[PDB]
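Worksheet: one structure, shown below.
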Amino acid sequence: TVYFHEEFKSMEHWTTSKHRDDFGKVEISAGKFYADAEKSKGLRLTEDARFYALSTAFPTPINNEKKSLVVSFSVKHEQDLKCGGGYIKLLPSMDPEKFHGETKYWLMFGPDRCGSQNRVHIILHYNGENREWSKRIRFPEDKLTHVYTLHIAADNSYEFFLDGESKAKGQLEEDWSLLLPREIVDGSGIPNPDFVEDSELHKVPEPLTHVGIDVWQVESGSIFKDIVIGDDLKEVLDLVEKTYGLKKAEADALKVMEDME
Ligand SMILES: [Cl-]
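In this note's numbering, the protein residues as written are 114 to 374.
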């Protein structure tokens, strides 16, 4: 039911790409401030003004035929991020050493910010193109840990959770540009006979084989935690309570590091 859970207690099983000789360095770390010196540990990007590209393979490939698929992970931008990504990717069969921005993914999911620009990416590869989510939700611009959870249901509905709470909810067909128009001209009532129905929008075209972090950061220091993937929503949200729902401790740790200032 839970296919995968990266705790980032270690990073040896994650492979860093060879597509460039200058990808940024990463480490296991709890950051400058933390709710717990051990449980707050995670994947930390260390170097300013770098690209990052590292990945790990699912022990077993992941499918979602007539079944739910739930993705969750957290990013902590404690560094005062002005420009940088904090999103992950789910990819079909690929070579981790040539992993880069152009590598074919099925899903690109997570926070991204640069200047006054801010949104949560939910990008689905469908029918040979990457389809950007039509809705634009800004993620919280603070130094605290935030969790991003996505439910892709077998009825082609979806739901996006930020910090455990529902932020967006709707239909894949309506909130992305995946299919042709149902009407030949909108509001005419005349059907478009070329329209093709797809009951498998939610379904991965090929089985999913890797998770990867492919981001650019100007101000580095971000920490990734708890990459969870499964087929049951409550199960994942329960796991988010266990791992993230550290809230009270972290916020107090943040105030402590802010009273000094
Ligand atoms: Cl997007």
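The beta carbon of each residue, even a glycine, is placed where N, CA and C say it ideally should be.
Item                                                                                                          : Value
CB contact flag (residue 264, residue 272, <8 Å)                                                              : yes
Residue(s) in a DSSP beta bridge with residue 224                                                             : 233
Rounded distance between the beta-carbons of residue 155 and residue 330, thought under 8 Å                   : With a Cβ gap of about 15 Å, residue 330 and residue 155 do not count as contacting.
Every unbroken alpha helix (DSSP H) within the stretch 291-337, with a cutoff of 4 residues, ordered by chain : none
heavy atom of ligand 1 below 7 Å from residue 246 C-beta                                                      : yes
Start and end residues, beta strand (DSSP E) containing residue 278                                           : 278-284
At least 3 beta-carbon pairs within less than 8 Å: the stretch 348-365 vs the stretch 237-247                 : no
Endpoints, the beta strand (DSSP E) within which residue 125 is located                                       : Premise fails: residue 125 is in no beta strand (DSSP E) and is neither H nor E.
Near ligand 1: residue 236 beta-carbon under 7 Å from a heavy atom                                            : yes
Opening and closing residue of the beta strand (DSSP E) in which residue 189 lies                             : 182-189
Three-way DSSP call (helix, strand, coil) for residue 167 in this model                                       : strand
Residues bridged to residue 139 (per DSSP)                                                                    : 158
Limits of the unbroken beta strand (DSSP E) element including residue 202                                     : 201-204
Chain B within 8 Å of residue 168, Cβ atoms only                                                              : Considering every chain present, this structure includes no chain B. It has just one protein chain.
Test item: CB-CB of residue 293 and residue 307 under 8 Å                                                     : yes
Option in 175, 141, 217, 268 with minimal Cα separation from residue 327                                      : 217
Residues that DSSP places opposite residue 264 in a beta bridge                                               : 183, 272
With 16 other Cβ atoms within 10 Å as the buried cut-off, status of residue 304                               : exposed
Same chain only: Cβ atoms within 6 Å of residue 212, ignoring 5 sequence neighbours per side                  : 130, 166, 168, 325
Assigned secondary structure, residue 173 (DSSP; H/G/I helix, E/B strand, else coil)                          : strand
Cross-strand partners of residue 244 (DSSP beta bridge)                                                       : 237
Given 8 Å, three or more beta-carbon pairs between the stretch 330-339 and the stretch 189-209                : yes
Expected contact under 8 Å - CB spacing of residue 335 and residue 220 to nearest Å                           : Contact doesn't hold; Cβ gap of about 19 Å is too wide.
Simplified DSSP state of residue 254, which is helix, strand or coil                                          : coil
Candidates 149, 147, 190, 143: closest to residue 161 by CA position                                          : 190
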